[PDB]
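2 protein chains.
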Amino acid sequence: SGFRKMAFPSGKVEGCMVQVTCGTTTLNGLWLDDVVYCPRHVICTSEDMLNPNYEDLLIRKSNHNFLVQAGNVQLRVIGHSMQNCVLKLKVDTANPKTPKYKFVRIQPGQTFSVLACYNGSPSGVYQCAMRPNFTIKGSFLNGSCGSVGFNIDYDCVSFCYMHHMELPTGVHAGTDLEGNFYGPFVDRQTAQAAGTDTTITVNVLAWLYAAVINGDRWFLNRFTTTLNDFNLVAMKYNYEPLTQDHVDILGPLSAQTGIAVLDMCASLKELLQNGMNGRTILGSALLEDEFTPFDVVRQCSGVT
Amino acid sequence: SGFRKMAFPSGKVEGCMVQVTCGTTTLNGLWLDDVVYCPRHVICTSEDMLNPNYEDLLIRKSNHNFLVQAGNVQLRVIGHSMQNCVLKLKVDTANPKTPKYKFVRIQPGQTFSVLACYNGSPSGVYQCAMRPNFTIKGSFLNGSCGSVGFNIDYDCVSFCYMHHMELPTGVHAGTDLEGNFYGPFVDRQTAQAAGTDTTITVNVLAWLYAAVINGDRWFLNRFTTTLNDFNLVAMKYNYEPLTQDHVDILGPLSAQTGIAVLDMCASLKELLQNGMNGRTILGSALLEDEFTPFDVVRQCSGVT
Ligand SMILES: *C(=N)c1ncccn1
Ligand SMILES: *C(=N)c1ncccn1
Numbered sequence: 001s002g003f004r005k006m007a008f009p010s011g012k013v014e015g016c017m018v019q020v021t022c023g024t025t026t027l028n029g030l031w032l033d034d035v036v037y038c039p040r041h042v043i044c045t046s047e048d049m050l051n052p053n054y055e056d057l058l059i060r061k062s063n064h065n066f067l068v069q070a071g072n073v074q075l076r077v078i079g080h081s082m083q084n085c086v087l088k089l090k091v092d093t094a095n096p097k098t099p100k101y102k103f104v105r106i107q108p109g110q111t112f113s114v115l116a117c118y119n120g121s122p123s124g125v126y127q128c129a130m131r132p133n134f135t136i137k138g139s140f141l142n143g144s145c146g147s148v149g150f151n152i153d154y155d156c157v158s159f160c161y162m163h164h165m166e167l168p169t170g171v172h173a174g175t176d177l178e179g180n181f182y183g184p185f186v187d188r189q190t191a192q193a194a195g196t197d198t199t200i201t202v203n204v205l206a207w208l209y210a211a212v213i214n215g216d217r218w219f220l221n222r223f224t225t226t227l228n229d230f231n232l233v234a235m236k237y238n239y240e241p242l243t244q245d246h247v248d249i250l251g252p253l254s255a256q257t258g259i260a261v262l263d264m265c266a267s268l269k270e271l272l273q274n275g276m277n278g279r280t281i282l283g284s285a286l287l288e289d290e291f292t293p294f295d296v297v298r299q300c301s302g303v304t
Numbered sequence: 001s002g003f004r005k006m007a008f009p010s011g012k013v014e015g016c017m018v019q020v021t022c023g024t025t026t027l028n029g030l031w032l033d034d035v036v037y038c039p040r041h042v043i044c045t046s047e048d049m050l051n052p053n054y055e056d057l058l059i060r061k062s063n064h065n066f067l068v069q070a071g072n073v074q075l076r077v078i079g080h081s082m083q084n085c086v087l088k089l090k091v092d093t094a095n096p097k098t099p100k101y102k103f104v105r106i107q108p109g110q111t112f113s114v115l116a117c118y119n120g121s122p123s124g125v126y127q128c129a130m131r132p133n134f135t136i137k138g139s140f141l142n143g144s145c146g147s148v149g150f151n152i153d154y155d156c157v158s159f160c161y162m163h164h165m166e167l168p169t170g171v172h173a174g175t176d177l178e179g180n181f182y183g184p185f186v187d188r189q190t191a192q193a194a195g196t197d198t199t200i201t202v203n204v205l206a207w208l209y210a211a212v213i214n215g216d217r218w219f220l221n222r223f224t225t226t227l228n229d230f231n232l233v234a235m236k237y238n239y240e241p242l243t244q245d246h247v248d249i250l251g252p253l254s255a256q257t258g259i260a261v262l263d264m265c266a267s268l269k270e271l272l273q274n275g276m277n278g279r280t281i282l283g284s285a286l287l288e289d290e291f292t293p294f295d296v297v298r299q300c301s302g303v304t
């Protein structure tokens, strides 16, 4: 028993982190096979970031200008190319620690683990979610760009995020491993404001099921609701609309606990309207939305 | 910017996890050099756990009864011994992935990362703290015994915890790597109730400094207090007493933010008396106590 904000074991990803330097800028790269992936803003000076023309800046760069170091040994760069907002540095050596991997573009509400790195070295691992406004709330200092987000399915790492920037509000923006930003963000130092950070309703419901499984049951009420009634309340509280797809995804948790999804919605509806009254659920005084229904099943069953 | 409950990168520890089976019981072991460490209750049937005599049960066990598997390859057990509540299984092969390591016994209030494992395989990593009542609030299912807690200092892993049991209240108890339980707990299936789970005051203060560094400043007030006045309030709210040692440890955070430790105590005093009023600090609606002052400095500086 017990329910924690758990990250995937990071070992498989640690074996892929390298340092990339271009001029005076050092950030992280991801070395998979004979390619090193990193944010293209590694070629920019802090000044260039104001209005960069990446194609033009890249013309002034040669393979020998990209310094790639894996541990304390230098990798030889034999090619370079830009794919959207990432640079792909072809090296002459395949990473011997390359795990089975995929590049996936996640949807909002999906969670992933981040291996925060500096100078190609791992500093920590934590669990995040792609917010509905396509930002993430991470922990990233200067030098952390190129740190990656991922999920693991037994032995295959699905990379879903690469860190590129912090908005003026302290929230984070980045790309998938094809270099496409999540959301409308651009790799430029300009006014970029995030939209409404709504709550991921299906994740809150999953976490309420995790609470019931783990013995925290005070919030269970005698009520039920409908998808339409619940959604009127969800709109009022800046919660994402709940769809029949979300109800179907919660089916296994509903089956395990014997609590119908709409009854759990009615419990959540009362928590939104009445508040927590100074009580906690799974050691939290707010409704947690960074556990997907899959994460709740995974953690409650001990998937390795 | 951003502040997350961050665990250490788990790779160095993943390379040490093995599966240990005795009879019908399978749990995890930690393989360092040519020794595999595991909870001694691996020799018990669920029935034996009611009132086990470990020395007597161990007489009926031979080296060949302890099945140790690292990945999918079997290790040969050439010796076994009991040290307090852990078994040390001498194997004929040194773990080639043994990192630099130490065995440390932590004090309450100290944090560590847990690599939850099942069948010798890592499932997830999360951050914990040794509670003042010597329990931990983990996420452990059946089969997770032998999972370990650790801290990393650059390349040296300091192992501080090995999971042994869950109390009837869903909280966890375990030992250091010398087999000595934290707190008064015993490896027996009997009535073991935990004491008061007080709040780790010095960690809350560290987290308030982390909040100021990261821009969450609404709780800063115009007041100050004394150690004695603050402690009267701390006692009332089941917070641990703050000592001059804790004030000294918070010195670097006080210096960085320009907020005197006693002024931060006065802010915390008002938060305890007035509550949060529906507001949050670092995305939390409660006062977080599982970040030490060292963790706040580490995360705010990007130690790798
Ligand atoms: C990412 N490494 C980064 N560091 C400093 C400024 C901007 N981005
Ligand atoms: C630890 N692995 C454990 N599993 C089942 C019951 C008790 N302890």
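These protein sequence lines are chains A and A', in that order. A prime marks a further copy of an entry chain. FYI, the entry's author numbering numbers position 244 of the first sequence as 244, with every residue one higher than the one before it. FYI, the entry's author numbering numbers position 87 of the second sequence as 87, with every residue one higher than the one before it. We treat Cβ as the ideally placed atom computed from N, Cα and C, and that holds for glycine.
Inter-residue CB distance, residue i and residue j (contact presumed, cutoff 8 Å)
{"i": "residue 181 of chain A", "j": "residue 113 of chain A", "result": "Actually they are not in contact, since the Cβ atoms of residue 181 of chain A and residue 113 of chain A sit about 20 Å apart, beyond 8 Å."}
{"i": "residue 157 of chain A", "j": "residue 12 of chain A", "result": "5 Å"}
{"i": "residue 126 of chain A'", "j": "residue 139 of chain A'", "result": "6 Å"}
{"i": "residue 42 of chain A'", "j": "residue 179 of chain A'", "result": "Incorrect: roughly 13 Å between the Cβ atoms, too far for contact."}
{"i": "residue 37 of chain A'", "j": "residue 162 of chain A'", "result": "7 Å"}
{"i": "residue 15 of chain A'", "j": "residue 102 of chain A'", "result": "At roughly 16 Å, the Cβ-Cβ gap does not stay under 8 Å, so residue 15 of chain A' and residue 102 of chain A' are not in contact."}
{"i": "residue 289 of chain A", "j": "residue 212 of chain A", "result": "That pair is no contact at about 17 Å."}
{"i": "residue 68 of chain A", "j": "residue 29 of chain A", "result": "6 Å"}
As assigned by DSSP and simplified to three states, the class of residue i
{"i": "residue 312 of chain A", "result": "Here chain A has residues from 1 to 304 only, and residue 312 of chain A is not among them."}
{"i": "residue 87 of chain A", "result": "strand"}
{"i": "residue 257 of chain A", "result": "helix"}
{"i": "residue 102 of chain A", "result": "strand"}
{"i": "residue 165 of chain A'", "result": "strand"}
{"i": "residue 286 of chain A", "result": "coil"}
{"i": "residue 218 of chain A'", "result": "coil"}
{"i": "residue 209 of chain A", "result": "helix"}
{"i": "residue 50 of chain A", "result": "helix"}
{"i": "residue 276 of chain A", "result": "coil"}
{"i": "residue 294 of chain A", "result": "helix"}
{"i": "residue 267 of chain A'", "result": "helix"}
{"i": "residue 134 of chain A", "result": "coil"}
{"i": "residue 194 of chain A'", "result": "coil"}
{"i": "residue 235 of chain A", "result": "helix"}
{"i": "residue 305 of chain A'", "result": "No answer is possible for residue 305 of chain A': the residues shown for chain A' start at 1 and end at 304."}
{"i": "residue 184 of chain A", "result": "coil"}
{"i": "residue 307 of chain A'", "result": "In the structure as shown, chain A' starts at 1 and stops at 304, and residue 307 of chain A' therefore has no counterpart that could be examined."}
{"i": "residue 174 of chain A'", "result": "strand"}
Beta carbon proximity, residue i to chain A, threshold 8 Å
{"i": "residue 222 of chain A'", "result": "no"}
{"i": "residue 280 of chain A'", "result": "yes"}
{"i": "residue 151 of chain A'", "result": "no"}
{"i": "residue 191 of chain A'", "result": "no"}
{"i": "residue 115 of chain A'", "result": "yes"}
{"i": "residue 214 of chain A'", "result": "yes"}
{"i": "residue 119 of chain A'", "result": "yes"}
{"i": "residue 286 of chain A'", "result": "yes"}
Neighbouring residues, chain A, relative to residue i (Cβ below 9 Å)
{"i": "residue 310 of chain A'", "result": "Since the first residue shown for chain A' is 1 and the last is 304, residue 310 of chain A' is missing from the structure and cannot be characterised."}
Residues that residue i contacts on chain A', provided the C-beta gap is smaller than 8 Å
{"i": "residue 143 of chain A", "result": "302"}
{"i": "residue 7 of chain A", "result": "7, 124, 125 and 126"}
Test: residue i CB closer than 8 Å to a CB of chain A'
{"i": "residue 30 of chain A", "result": "no"}
{"i": "residue 109 of chain A", "result": "no"}
{"i": "residue 299 of chain A", "result": "yes"}
{"i": "residue 140 of chain A", "result": "yes"}
{"i": "residue 10 of chain A", "result": "yes"}
Chain-ordered chain A contacts of residue i [CB-CB under 7 Å]
{"i": "residue 203 of chain A'", "result": "Here the premise fails: no neighbours, minimum Cβ distance about 15 Å."}
Under 7 Å by beta carbon: chain A' residues contacting residue i
{"i": "residue 14 of chain A", "result": "9 and 11"}
The stretch 59 to 79 of chain A: which residues have C-beta closer than 9 Å to a C-beta of chain A', in chain order? Listed in sequence order: no entries.
Near-chain A' residues of the stretch 221 to 242 of chain A - C-beta to any C-beta below 7 Å: Of all residues in the stretch 221 to 242 of chain A, none places a beta-carbon less than 7 Å from a beta-carbon of chain A'.
Between the stretch 157 to 176 of chain A and chain A', which residues of the former have CB atoms less than 8 Å from a CB of the latter, in chain order? Residues 166, 170, 171 and 172.
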